[PDB]
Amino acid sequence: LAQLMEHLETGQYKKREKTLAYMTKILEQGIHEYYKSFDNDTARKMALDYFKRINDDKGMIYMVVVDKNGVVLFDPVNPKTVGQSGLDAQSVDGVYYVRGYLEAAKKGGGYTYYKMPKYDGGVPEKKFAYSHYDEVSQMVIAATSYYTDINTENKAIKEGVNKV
């Protein structure tokens, strides 16, 4: 029962990793409508306003955005970092999370693992980010999820297995 639960949990995390790669692709395709039809500055504002709305939904994912040089463009958990280089930014568990975003994007997309609150001033939680360089917007876009949330979403599945 314990081995099953472990493999099941790890499997759910791996599945969510793939989900984030897909959701990043469809979000990029969506913001491309902004870039095709509005000036650069307006399109970027629209993209970041949209991402605020996603984060405010407090659902499956939370966005983070940096430019190709590591300047933070969007991160409501850490608002004071916006407009600043994030190259020396560390999570509380010592991860250079922005460097992680950039390294993953340089490979064509990938993952960064670190702890962070869900909101500014909150308790830090383990999470992960899928990041990708969108060539239309010239932004490194990260879709992120918290392990606690993945567990919540999979709670009924877990309770059913326990029942059997």
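Each residue number is its position in the shown sequence, starting from 1.
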Between 94-102 and 22-30, name whichever shows the higher mean Cα B factor according to the PDB entry.
94-102
Higher-scoring stretch by recorded Cα B factor average, 103-111 or 124-132
103-111
According to the PDB entry, is the CA B factor of residue 68 in the bottom, middle or top third of its chain, that is, lowest, middle or highest?
highest
Comparing residue 56 with the other modelled residues of its chain, is its CA B-factor in the lowest, middle or highest third?
lowest
